[PDB]
Amino acid sequence: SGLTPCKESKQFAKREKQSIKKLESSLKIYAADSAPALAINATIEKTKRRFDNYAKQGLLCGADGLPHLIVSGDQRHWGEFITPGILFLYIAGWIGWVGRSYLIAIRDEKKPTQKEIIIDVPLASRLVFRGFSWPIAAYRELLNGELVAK
Amino acid sequence: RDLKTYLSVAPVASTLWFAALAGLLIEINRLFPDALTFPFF
Amino acid sequence: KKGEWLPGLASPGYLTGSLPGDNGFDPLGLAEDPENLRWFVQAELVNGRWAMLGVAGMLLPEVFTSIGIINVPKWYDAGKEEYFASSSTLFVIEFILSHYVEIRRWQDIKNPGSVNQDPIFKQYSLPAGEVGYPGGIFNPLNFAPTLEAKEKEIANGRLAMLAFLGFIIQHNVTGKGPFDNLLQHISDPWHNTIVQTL
Amino acid sequence: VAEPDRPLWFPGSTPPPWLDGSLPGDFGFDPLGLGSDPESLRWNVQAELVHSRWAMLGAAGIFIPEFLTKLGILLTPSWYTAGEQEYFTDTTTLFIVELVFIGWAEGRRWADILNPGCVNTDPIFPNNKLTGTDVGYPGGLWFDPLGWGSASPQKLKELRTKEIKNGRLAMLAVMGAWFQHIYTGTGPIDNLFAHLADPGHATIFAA
Ligand SMILES: CC1=C[C@H](O)CC(C)(C)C1/C=C/C(C)=C/C=C/C(C)=C/C=C/C=C(C)/C=C/C=C(C)/C=C/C1=C(C)C[C@H](O)CC1(C)C
Ligand SMILES: CC1=C[C@H](O)CC(C)(C)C1/C=C/C(C)=C/C=C/C(C)=C/C=C/C=C(C)/C=C/C=C(C)/C=C/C1=C(C)C[C@H](O)CC1(C)C
């Protein structure tokens, strides 16, 4: 954390300033009441909103003038890494768990490959929401998690 | 036609799936752009 | 006949209906395995029981405070200051005791034979036979623990948890109290709803 | 109860085999073979019935501009633009309320489609019951007080056919009104009058 918060970084302010002037420059050729003008003014308003949020959410900045992320585990920045991540692992786990629920449903059947190239959508729709409680995979792990043959 | 349903759910199932995903992702961004962090906690 | 959480649908097979509060409700097949089912039954009990007191503990004082019979802070506020002993001391204490009494029912769950050793001297014991339904001193009044009677406990617990879920979520966004939230809704329901708040 | 010498949408043609003629309103019309398979068909029949019933209620929507145009009334607001109004409590709230009741209504009909029973009960009073056999004809006092619903085939068929035919007509109607407004930016009835005044030059082309 050898950095300075973005709220109080001159370089971070110079970037917002320089960016807006560039978009405003383009604003000149199109005159006022105009489609491009409204499009550029919308980018400018989207630009201000962006920088505003970064400062607002206490993100440090580097001498470069750009925010940098802390992933150490520090509590002030869970938003930077840890919070989104857990969110990921939830979804990743969801997808994988549902995907594995399908293969087991498919495995003891006729031609199993037939449903791997042509999806059983009724079956899939039945199993998709099981991923919602996928971290109760843990309780499968206490018993039938993985194969004993290997 | 059973069969038409059958053409579907092939790798057209992938594109219908990813097109839906792309749409959802795009709208989220349109709604919440330039997000570098999760700020709700 | 059993109760159907969903009329048209059929109940799953592992749900015999020999269980209190069984309405064939396992759409995600969490209880397909029987062991999981036992564990979950026990879990539902306790999650349901704590919620009962909690909802009650949380709600009633708020109501009484408004009546003016007594003055206490709102549940989401009991935490800051004002107690003999710090917050830390209570915790460690809460922990030591909760740790003992549970690391305690757990034994009865794995193998149902942990009723003796009461107190340290062995004179007193618990006589009975259902997990998560201990007897003895636990039931001073000896109300028949009739099946169906158990049905009522579960329903309340299930209800309590929706309430608890409601209180907490309601707290955010609202920034007020459940009873307060209720008054706002009661004063003018069509203008006070999740719609006006969010 | 199939009739093969029934009139057809296409007099010369041959109808598909699945379109038996047993069903009400069957003119042997499925060029795309959408009703090609029995399972799909049952579903389609129910869907058409609902669309037809809903469309008919919608037709009333056509009805109001009539009185407002001449009789008057508080129904003067055009159906178009009707939604964005301030009455009562805000629309969004209304919609949410609507979603719950109607949901229960189908999370309701749906069970019936999938099964044969559930009519069998009024959950609160398990005795009110009510029964009508057949699919999208629940029957009972709530839906069939007069009881003209229960009857005999031939009669039921005739009556039922009437239900569907009006519905199909109603469906085109509603769609026609929606398009009519956009292409004309006016009232449908005005469109109606305008047409009569100058059917010769008053058409889609006029604009
Ligand atoms: C079943 C199933 C299966 C299928 O298959 C699938 C699905 C559907 C997924 C599912 C699910 C379900 C569910 C949802 C469940 C939930 C539950 C809950 C919510 C609970 C709570 C629960 C809750 C709870 C316990 C709570 C409790 C609480 C408490 C005590 C409290 C206390 C307190 C008080 C007094 C006062 C202060 O101031 C605060 C406090 C301290 C805090
Ligand atoms: C695919 C195919 C294939 C095969 O094989 C052959 C064939 C048969 C040819 C085909 C086709 C067919 C068709 C064409 C269909 C169509 C339909 C329709 C159009 C419907 C509508 C339908 C329609 C509908 C429902 C509608 C409804 C409506 C409504 C309710 C309304 C309501 C309302 C009103 C009143 C008034 C107010 O102010 C507003 C509102 C609220 C809005």
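Before reading on, note that the structure itself is shown above.
Below you will find a few notes about this structure. (Residues numbered from 1 in each chain as written, not as in the entry; some residues may be left out. Chains lettered and ligands numbered in written order. Part of a larger assembly, values for the part shown. Heavy atoms only, no water. Residues with missing side-chain atoms left out of burial classes, pairs and counts.)

### Digging into the environment of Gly 140 of chain D
Residues and elements named next belong to chain D. How we decide: Numbering goes from the N terminus for both helices and strands, where a helix is a DSSP run of H or I of at least four residues and a strand is a run of E of at least two. Any two residues whose heavy atoms approach within 4.5 Å are treated as being in contact.
Within the fold, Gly 140 resides in helix α4 (residues 140-143). Put simply, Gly 140 and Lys 129 are 11 residues apart on the chain and 8.1 Å apart in space, counted from C-alpha to C-alpha. Residues contacting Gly 140, with those up to four places away along its chain left out, are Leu 130, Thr 131 and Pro 145.

### With respect to the site of ligand 1
Test applied: For each residue, the test is whether any non-hydrogen atom lies within 4 Å of the molecule or strand; if one does, the residue is near. Whenever a nitrogen or oxygen atom comes within 3.5 Å of another N or O atom, the pair is scored as a polar contact, on the condition that within protein one atom can donate a hydrogen and the other can accept it, and that pairs from neighbouring residues in sequence are kept only if both atoms are in side chains. The classification used treats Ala, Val, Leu, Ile, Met, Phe, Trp, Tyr, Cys and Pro as nonpolar, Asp, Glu, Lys and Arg as charged, and all other residues, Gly among them, as polar.
In the neighbourhood of ligand 1, 14 residues make up the surrounding shell, with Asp 26, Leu 28, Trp 75, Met 161 and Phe 164 of chain C lying closest. Near ligand 1, residues from chains A and C are present, making the site a shared one. Between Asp 26 of chain C and ligand 1, the recorded distance is 3.1 Å, taken from a side-chain N or O atom to an oxygen atom. Between ligand 1 and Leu 28 of chain C there is a distance of 3.2 Å, counted from an oxygen atom to a backbone nitrogen or oxygen. Elements represented by at least two residues in the shell around ligand 1 include exactly α1 (34-67) and α3 (149-174) of chain C. Per element, the largest residue contribution to the shell around ligand 1 is 6 residues, and it comes from α1 of chain C. Partitioning the shell around ligand 1 into residue classes produces 10 nonpolar, 3 polar and 1 charged.

### Considerations on the site of ligand 2
Residues and elements named next belong to chain D. Note the cut-off: Here the Shrake-Rupley method, with its probe set to 1.4 Å, supplies the accessible areas, and only the displayed protein chains count as covering residues.
As a structural note, the neighbourhood of ligand 2 is formed by 15 residues, with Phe 29, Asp 30, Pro 31, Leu 34 and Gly 58 the closest of them. With respect to ligand 2, the backbone of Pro 31 contributes an N or O atom lying 3.4 Å from an oxygen atom. The separation between an oxygen atom of ligand 2 and a polar main-chain atom of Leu 32 is 3.3 Å. Isolated, ligand 2 exposes 990 Å² of accessible area, and the fraction of that covered by the protein chains is 52%. Secondary structure elements with two or more residues in the shell around ligand 2: α1 (38-71) and α5 (155-184). Broken down by element, the residue count for the shell around ligand 2 peaks at 5 residues, all from α1.

### Quick word on the packing of α1 of chain C against helix α4 (residues 178-187) of chain C
Residue and element names in this part refer to chain C. Spelled out, the test is: Every axis in this analysis is a line fitted to C-alpha atoms, fitted for helices over the stretch in contact. Angles between the N-to-C directions lie between 0 and 180 degrees. For classification purposes, angles smaller than 35 degrees are called roughly parallel, those larger than 145 roughly antiparallel, those between 65 and 115 roughly perpendicular, and all remaining angles oblique.
Across the interface, α1 lies against α4 with an axial gap of 8 Å and an inter-helix angle of 60°. The angle between α1 and α4 falls in the class oblique. Two secondary-structure elements touch here, α1 through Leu 59, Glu 62, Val 63 and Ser 66 and α4 through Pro 178, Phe 179 and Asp 180. Its residues assigned to classes, the contact of α1 with α4 shows 4 nonpolar, 1 polar and 2 charged.

These results come straight from atomic positions and should not be treated as a statement about function.
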